[PDB]
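Engineer: Let me begin by handing over the structure; questions about it come next.
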Amino acid sequence: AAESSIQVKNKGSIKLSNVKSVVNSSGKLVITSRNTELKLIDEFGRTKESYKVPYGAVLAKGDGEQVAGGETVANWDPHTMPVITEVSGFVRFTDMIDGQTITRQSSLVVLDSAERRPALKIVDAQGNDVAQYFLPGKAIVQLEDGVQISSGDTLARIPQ
Amino acid sequence: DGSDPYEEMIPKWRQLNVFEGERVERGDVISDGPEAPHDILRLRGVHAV
């Protein structure tokens, strides 16, 4: 199934555990921990649903909220795992080569390991130093330098 | 891990799940895929297998 939405059969309050709270561009939170699970409590301690949550997921309703059921409680990309930004502001791109590590689709690829992955931290405002950014194979960043991106935001990574 | 680094080699044909450190504990899934009962007993314990 291509749908990444999670449905809830019965009105049980979500009990999220073993998760990492990271502030995103909105009121929702993004989990950076690979191992996550969901538990539902409605009137007793017995659980009803478990499911699973991958890294970089965005929850629709906050933890401990009595969801009425039948509505999505967490949303994530079924094809890509986003990487959040620990520092909010402009992104510093190091060793950007045009014609070899740039692929027009602005949305441009970062670098290719076979063709050659510089690591740099996100700038505070314009170019201040404040975090290691890893660029695997076929990794593409659609935001340019000076974009002033906020924390918890990620573009398409384009997994190989 | 404080002392005695663990030496492991990945044939690069399989992706790495945890890019950063994140304080990976023993028994964590470094690479996705089915796991053998042999590895479960050695690390996760006799009860887990």
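As given, the protein sequences belong to chains A and B, one line each in that order. Read in order, the letters of the first sequence are residues 945 to 1049, 1057 to 1067, 1075 to 1088, 1097 to 1126 in full-length UniProt numbering. Each residue of the second sequence is one higher than the one before, counting from 1181 in full-length UniProt numbering. A virtual CB, placed ideally from N, CA and C, is assigned to each residue, including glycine.
(1) Between the alpha carbons of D1063 (chain A) and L1101 (chain A), how many angstroms are there, rounded?
(2) Give, in chain order, every residue of the segment 969–982 of chain A whose Cβ lies closer than 9 Å to some Cβ of chain B.
(3) Counting C-beta neighbours from all protein chains within 10 Å, is the total for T1038 (chain A) 16 or more, i.e. buried, or is it exposed?
(4) Starting from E1188 (chain B), find everything on chain A with Cβ-Cβ shorter than 7 Å and list it in chain order.
(5) Would you kindly report the start and end of the unbroken beta strand (DSSP E) that includes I1210 (chain B)?
(6) Buried or exposed for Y1099 (chain A), going by 16 or more other Cβ atoms inside 10 Å?
(7) Count the other C-beta atoms from every protein chain shown that fall within 10 angstroms of the C-beta of residue 1051 (chain A), then say buried if there are 16 or more, exposed otherwise.
(8) If you run the structure through DSSP and keep just helix, strand and coil, what is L1003 (chain A)?
(9) Please state whether the Cβ-Cβ distance between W1020 (chain A) and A1001 (chain A) is less than 8 Å.
(10) Could you confirm whether any beta carbon from chain B is found closer than 8 Å to the beta carbon of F1100 (chain A)?
(11) I need the DSSP call for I975 (chain A), collapsed to helix, strand or coil.
(12) Give the single residue among A:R990, A:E947, A:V1027 whose Cα lies nearest to the Cα of residue 1050 (chain A).
(13) Does the beta-carbon of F1034 (chain A) have 16 or more other beta-carbons within 10 angstroms, so that it is buried, or is it exposed?
Structural biologist: To lay it out plainly:
(1) In the first sequence, counting from the first residue as 1, residue 1063 (chain A) sits at position 112. In the first sequence, counting from the first residue as 1, residue 1101 (chain A) sits at position 135. CA-to-CA, the gap between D1063 (chain A) and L1101 (chain A) works out to about 8 Å.
(2) Taking 9 Å as the upper bound on Cβ-Cβ separation, chain B lies near residues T976, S977, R978, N979 of the segment 969–982 of chain A.
(3) As a first step, residue 1038 (chain A) is located in the first sequence; it is residue number 94 there, counting from the start. Result: exposed.
(4) Position 8 of the second sequence, counted from the first residue, corresponds to residue 1188 (chain B). What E1188 (chain B) touches in chain A: nothing, since even the nearest Cβ is about 18 Å away.
(5) Sequence index remark: in the second sequence, residue 1210 (chain B) carries index 30 (1-based). No beta strand (DSSP E) holds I1210 (chain B); DSSP gives it neither H nor E.
(6) Taking the first residue of the first sequence as 1, we reach residue 1099 (chain A) at position 133. Burial call: buried.
(7) This model leaves out residue 1051 (chain A); its place in chain A lies between 1049 and 1057, and no residues are given there.
(8) Start at 1 with the first residue of the first sequence, and residue 1003 (chain A) comes out as number 59. In the three-state DSSP reduction, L1003 (chain A) falls in the strand class (E or B).
(9) Taking the first sequence and counting its residues from 1, the one referred to as residue 1020 (chain A) is at position 76. Taking the first sequence and counting its residues from 1, the one referred to as residue 1001 (chain A) is at position 57. At the C-beta level, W1020 (chain A) and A1001 (chain A) come within 8 Å of one another.
(10) By 1-based counting over the first sequence, the position of residue 1100 (chain A) is 134. At least one chain B Cβ lies under 8 Å of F1100 (chain A).
(11) Position 31 of the first sequence, counting from 1, holds the residue named residue 975 (chain A). Three-state DSSP puts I975 (chain A) in coil, outside helix and strand.
(12) This model leaves out residue 1050 (chain A); its place in chain A lies between 1049 and 1057, and no residues are given there.
(13) The sequence position of residue 1034 (chain A) within the first sequence is 90, counting from 1. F1034 (chain A) comes out buried.
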